[PDB]
Structures are given as structure tokens and as C-alpha cells.
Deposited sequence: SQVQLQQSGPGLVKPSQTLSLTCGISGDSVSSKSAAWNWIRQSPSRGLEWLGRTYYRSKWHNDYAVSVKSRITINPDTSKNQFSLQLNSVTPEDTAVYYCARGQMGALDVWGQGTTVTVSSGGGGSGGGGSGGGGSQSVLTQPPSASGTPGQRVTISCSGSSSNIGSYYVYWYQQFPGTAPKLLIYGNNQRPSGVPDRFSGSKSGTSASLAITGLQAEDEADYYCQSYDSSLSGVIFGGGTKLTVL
């Protein structure tokens, strides 16, 4: 099993620097199959990928368009950890910050998250809300373009309030062990679908679609769909 332990301040003054540290256990930070990401989440900015560092015979760094000029993600091979540094923070940077492991384009392992407050094309298209009655088959759609969905894998996540997103679907239609076969995924052209058969009250959560955009050179998330069981 692999666990990630997050550390950092819960408050940063404006124009100051936010520093977060993510400790790794059960895996190496220099893993040829792994990538170490930072993701934040807020009602205004939604589920926003920040950046990542990874080792492919050398250390690489991929940063998001929104925070590229202010972000730095450094790995520490001795302590076996990686950090997040965001300069000149402003109230917009107020969000819940997560560190996560990418292994096949999928963010399979997440940290518990750190709430950070600051005080004195770009997004895939999902329906804001979906609903259904118990026992039904409910499908959540996501429309993108050739730059993202049309050329890259599609991933789905299930997020219960106050907890990091859980990997539901990887590689368009593949399913991790542990996830019941009620959840299925599909992809055709520039669109994707997440289907839930035998809908239960347990399935009440926020569902996110995720892919990669070549024009943005980074991980792209959907707006997220709130599923309500009637």
C-alpha cells in the first residue's frame, strides 16, 4: 500500500509564499512509472491541477498554465518526498490543496488534503448536476475536443464531501480492483460517459472527468457533476 502525508500552513499572508510538503511511503519519488502531482480545489476555481514532477532518467517538471510563473515543485530523493512552492499568493489561491500520484495518467493515490487560506478549452464540460431514483442506470457525460478527449485517455473520480477524490475509471473504460462493476466508462470521439447501474444512496457524490490537453500542456479537469439520489 502507498500513502501520502501532507504538511503545511493553513494560512498564508498575501504576497507571501505557500510551501507544502508531501511525504511518500511504499513507493520511490524516482519511480519510472510514477508522477507526483499537486491539485487544489475551491468553489471558484473548481478542481484545478497545479503541476507535477517526475523522473525519466532525469527530473522533469510540468506546470499548469494558470500558476506556471509562480509555482515550483521540487523532489527530495533522500527524504523521499516532494514539495510545492507558490509565490506571491493572493485570496484567489484560497483552496484545499492535495498531493497525488499519477501512474498511468490516473491520479490513483491521493493525500488527505490541506486547507490553505489567504487573507489580510481550459475546463472539460460536464453537467452541473445529475439525478436519478434508486435502481436506475444513470450516465454522466463529458464533452471536450481533439486537443484533449479526442486524443488522450479519460479518467473518472468519485468525491465525497471533505475527502480526496477516488479513482473510479482509468484508461477510458478500465476499472481498478475494489471498484464494483456497477461503474462503467466509455469514450467516443471528443466525448466520454460514466455509467452507474443499480443507483444507490451511497452513490450521492461529486463526479469528475479528467483528461490531458496538448494545447494546454497539462492535466485538465471537468466542472464536476453533483449526483442526487431522489
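*Asks:* Map the modelled residues onto the deposited sequence and report the uncovered stretches in sequence order.
*Replies:* Gaps in the modelled chain, taken against the deposited sequence, lie at 1, 122 to 136.
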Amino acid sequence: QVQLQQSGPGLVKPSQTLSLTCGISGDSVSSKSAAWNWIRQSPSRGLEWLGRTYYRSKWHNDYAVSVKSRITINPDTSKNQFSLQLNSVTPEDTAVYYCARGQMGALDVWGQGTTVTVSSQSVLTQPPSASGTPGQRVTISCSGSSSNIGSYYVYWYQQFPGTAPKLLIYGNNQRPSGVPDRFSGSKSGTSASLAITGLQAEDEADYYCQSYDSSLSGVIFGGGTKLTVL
From here on, numbers count along this sequence of modelled residues.
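*Asks:* Would you determine, from the values in the PDB entry, which of 153 to 161 and 73 to 81 has the greater average C-alpha temperature factor?
*Replies:* The stretch with the larger average C-alpha B-factor is 73 to 81.
*Asks:* Tell me which of 46 to 54 and 27 to 35 has the higher mean C-alpha B-factor in the deposited entry.
*Replies:* According to the entry, 27 to 35 carries the higher average C-alpha B-factor.
*Asks:* Which listed residue, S120, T94, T139, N148, has the largest C-alpha temperature factor in the record?
*Replies:* By C-alpha B-factor in the record, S120 ranks first.
*Asks:* Relative to the other modelled residues in the chain, which third contains the C-alpha temperature factor of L20: lowest, middle or highest?
*Replies:* It falls in the top third of the chain.
*Asks:* C-alpha B factor of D62, ranked within the chain: lowest, middle or highest third?
*Replies:* Lowest third.
*Asks:* How does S214 rank on Cα B-factor within its chain, lowest, middle or highest third?
*Replies:* It falls in the middle third of the chain.
*Asks:* Sorting the chain's modelled residues by C-alpha B-factor, tell me whether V89 ends up in the lowest, middle or highest third.
*Replies:* Its C-alpha B-factor belongs to the middle third of this chain's values.
*Asks:* Report the third (lowest, middle or highest) to which the CA temperature factor of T190 belongs, ranking only the modelled residues of the same chain.
*Replies:* Middle third of the chain for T190's C-alpha B-factor.
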